[PDB]
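The primary structure of each chain is shown beneath.
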Amino acid sequence: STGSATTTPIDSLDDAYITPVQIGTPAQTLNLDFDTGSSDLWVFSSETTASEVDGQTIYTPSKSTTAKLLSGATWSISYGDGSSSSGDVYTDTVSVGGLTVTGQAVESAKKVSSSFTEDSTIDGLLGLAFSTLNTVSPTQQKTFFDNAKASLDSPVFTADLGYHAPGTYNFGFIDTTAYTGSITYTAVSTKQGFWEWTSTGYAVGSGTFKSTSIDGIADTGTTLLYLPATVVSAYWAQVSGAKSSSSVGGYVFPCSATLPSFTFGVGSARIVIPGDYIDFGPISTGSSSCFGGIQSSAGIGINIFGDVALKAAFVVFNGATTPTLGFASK
Ligand SMILES: O=C(Cc1cn2ccccc2n1)Nc1ccccc1
């Protein structure tokens, strides 16, 4: 089997991407944030505290003839932005782009943090990291990908995120028309539950490539590119007037600037992030100070190849017995 679904930016800055997902019978379609940095499929629901729901579409398990309460199971998760959610668990039929899994754990939110409430466009998350990170207790549950894997034509999914435009998540096949040149594959460590890999280095604009190992995670659920302070300083030094602002919480730059590109290494290959992918716009409405898309990972404890990096590539998440990651230009 295979599946293919379009993923759409939630706003004009590509802050996140939503993909429609069919849950239950008859189908209830919710727009989920596909997140390769976590492993829980959770949704706004009829059980979510009413004051914490503000425009989201909810899953109502009582209206699904295939929903079954997973007795005794609860979940609770936090993310790198300090947001969180928790609740109980159903199993139900879940389809993505024509690919169907029966008995998928659908984690129903009883509580969500303010950032989720305040974002009307995201109805929940669909985790695509390794199932070892799944938070369901006392019986850990499998991701949608993990459940589907054995049925897929090939045990892979691909992320093809757009810049200010829709893109595609495919399951079970590699669309050879969706990228240019070749896909370069690179080793993955699953030891922390993430799609963790090592970039071979970077360049800033037309500058020389610096060969240096940068361990990080391929994370579709994180907006920005978070890299070591040395790398980030080298990037922003090429932008006149850019500075790190403790009050704003990162590098900002004059909105009048033309940003240089940023290249990262994948083996001997190179992925180029155009400068305008790194512009996240005014820090507040009407400001001439703009927020940068490359930020320091110091304090996070891990480097994160988030959407800013991933949307410059066609990315293969290879879930073979020994997982690997593939990157191609597009
Ligand atoms: O937390 C994540 C993945 C992530 C962040 N998110 C924020 C909002 C919505 C979804 C979502 N997913 N990645 C991460 C961050 C820090 C350290 C390790 C992984």
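Residues numbered from 1 in each chain as written, not as in the entry; some residues may be left out. Heavy atoms only, no water. Residues with missing side-chain atoms left out of burial classes, pairs and counts.

Determination of this PDB entry was carried out by X-ray crystallography to a resolution of 1.419 Å, according to the record.

## Observations regarding the overall build of the protein chain
Convention followed: Runs of E in the DSSP output that reach at least two residues are strands. Runs of H or I that reach at least four are helices, and both are numbered from the N terminus. The size measure is the radius of gyration over C-alpha atoms, and the globule rule it meets is 2.2 Å times the number of residues to the 0.38 power. Residue contacts are counted whenever heavy atoms from the two residues lie within 4.5 Å of one another.
What the protein chain contains, in helices and strands, is four helices and 24 strands. Relative to the compact-globule value of 20 Å for 330 residues, the protein chain shows a C-alpha radius of gyration of 20 Å, a close match. With the C-alpha coordinates aligned to their principal axes, the bounding extent of the protein chain is approximately 60 × 45 × 30 Å. Expressed as a percentage of contacts within the protein chain between residues at least 6 apart in sequence, the contacts between residues at least 24 apart total 66%.

## Examining the sheet that holds strand β12 (residues 196–204)
In plain terms, the rule: At least two bridges found by DSSP between two strands is the condition for calling them paired. Think of each axis as a best-fit line through the C-alpha atoms, taken over the contacting stretch in the case of a helix, with angles from 0 to 180 degrees between the N-to-C directions.
Taking strand neighbours across the sheet as the criterion, the seven strands line up as β18-β17-β12-β13-β22-β14-β21 in an open arrangement whose pairing is mixed. Every interior strand has two partners, whereas the edge strands, β18 (269–273) and β21 (294–296), have only one. For this sheet, the mean angle separating the axes of adjacent strands, direction not counted, is 45 degrees. With respect to the sheet, helix α3 (residues 229–236) is in contact with β12, β13 (210–218), β14 (225–227), β17 (262–266) and β21, its orientation differing from that of β21 by roughly 140 degrees.

## Side note on the site of the ligand
Applicable threshold: If even one non-hydrogen atom of a residue comes within 4 Å of a molecule or strand, that residue is called near it. Under the rule applied, a polar contact is a pair of N or O atoms within 3.5 Å (in protein, one hydrogen donor and one hydrogen acceptor; residues adjacent in sequence only if both atoms are side-chain atoms). Each accessible area value is a Shrake-Rupley result obtained with a 1.4 Å probe; residue values ignore everything except the protein chains displayed when judging cover. Grid points spaced at 1 Å over the protein atoms alone were grouped into cavities, where a 1.4 Å probe fits but cannot get out, and pockets, open sets with protein on both sides within 12 Å along at least five of seven lines, with lining residues defined by an atom within 4 Å of a point. The rule for placing a molecule in a cavity or pocket is simple: more than half of its atoms must lie within 2 Å of the grid points. Boundaries of every domain are those given by an automatic assignment or by a domain database.
As a structural note, the neighbourhood of the ligand is formed by 15 residues, with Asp-35, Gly-80, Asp-81, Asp-219 and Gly-221 the closest of them. Here a nitrogen atom of the ligand and a side-chain polar atom of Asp-35 are 2.6 Å apart. Within the backbone of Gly-221, one N or O atom sits 3.2 Å away from a nitrogen atom of the ligand. Coverage of the ligand by the protein chains reaches 83% of its 450 Å² of free accessible surface. When atoms are counted within 2 Å of each cavity's grid points, the one that captures over half of the ligand is the largest pocket. Shared between two domains, the shell around the ligand takes at least three residues from each, and those domains are domain 1 (5–174) and domain 2 (175–330).

## Re the nonpolar core
Cut-off, in case you're wondering: Put simply, buried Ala, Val, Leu, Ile, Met, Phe, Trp, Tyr and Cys residues joined by side-chain atoms within 4.5 Å make one nonpolar core. Think of it in three bands: residues with accessible area under 20% of the maximum for their type are buried, residues over 50% are exposed, and the middle band is partly exposed, with areas taken using a 1.4 Å probe on protein chains only.
By size, the foremost hydrophobic cluster in this structure holds 73 residues, and its most contacted members are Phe-171, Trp-236, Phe-262, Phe-264, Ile-273 and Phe-327. Counting residues per element, this core draws most heavily on α3, which supplies four residues. Both domains that meet at this core, namely domain 1 (5–174) and domain 2 (175–330), each give it at least three residues. Filtering out sequence-adjacent residues up to four positions away, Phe-264 remains in contact with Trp-197, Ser-199, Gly-201, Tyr-202, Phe-209, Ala-269, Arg-270, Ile-271, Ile-273, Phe-305, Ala-309 and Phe-327.

## Quick notes on α3
Count 3.6 residues to each turn of an α-helix, and residues three or four apart come out pointing the same way. Keep this limit in mind: This arc is taken over the directions from the axis of the helix to the C-beta atoms.
All buried positions along α3 are accounted for by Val-231, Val-232, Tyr-235 and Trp-236. One face of α3 carries all of its buried residues, which in axial projection span an arc of 125 degrees.

## With respect to the domain arrangement of the protein chain
You'll often see interface size given as the accessible area lost when the parts meet. The following threshold applies: Classification used: nonpolar for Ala, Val, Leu, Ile, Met, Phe, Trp, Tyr, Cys and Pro, charged for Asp, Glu, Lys and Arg, polar for all others including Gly.
Each assigned domain of the protein chain is listed here: domain 1 (5–174) and domain 2 (175–330). One C-alpha centre belongs to domain 1, the other to domain 2; they are set 25 Å apart. Facing 30 residues of domain 1, the contacting portion of domain 2 comprises 33 residues. Among the secondary structure elements, those contributing two or more residues to the side of domain 1 that touches domain 2 are β3 (28–35), β9 (156–160) and β10 (167–171). A per-element tally of the side of domain 1 that touches domain 2 places β9 first, with five residues. Looking at side-chain class alone, the side of domain 1 that touches domain 2 contains 18 nonpolar, six polar and six charged residues.

## Quick look at the environment of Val-94
Here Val-94 is to be found in strand β6 (residues 84–96). Taking C-alpha positions, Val-94 is 9.4 Å from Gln-28, a pair spaced 66 residues apart along the chain. Residues within four places of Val-94 in sequence aside, it is in contact with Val-21, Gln-22, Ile-23, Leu-41, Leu-99, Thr-100, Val-101, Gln-104, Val-106 and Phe-144.

## A look at the layout of surface pockets
How we decide: Grid points are joined across faces, edges and corners, and a volume is the space filled by probe spheres set on the points.
Here the largest pocket is characterised by a volume of approximately 1,200 Å³. As for the largest pocket, its lining consists of 40 residues, and the residues nearest its centre are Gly-80, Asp-81, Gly-221, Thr-222 and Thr-223. When residues of the lining of the largest pocket are traced back to their parent elements, those giving at least two are β3, β5 (68–78) and α1 (114–117). Residue composition of the lining of the largest pocket, grouped by class: 20 nonpolar, eleven polar and nine charged. The residue makeup of the lining of the largest pocket includes at least three contributed by each of domain 1 (5–174) and domain 2 (175–330).

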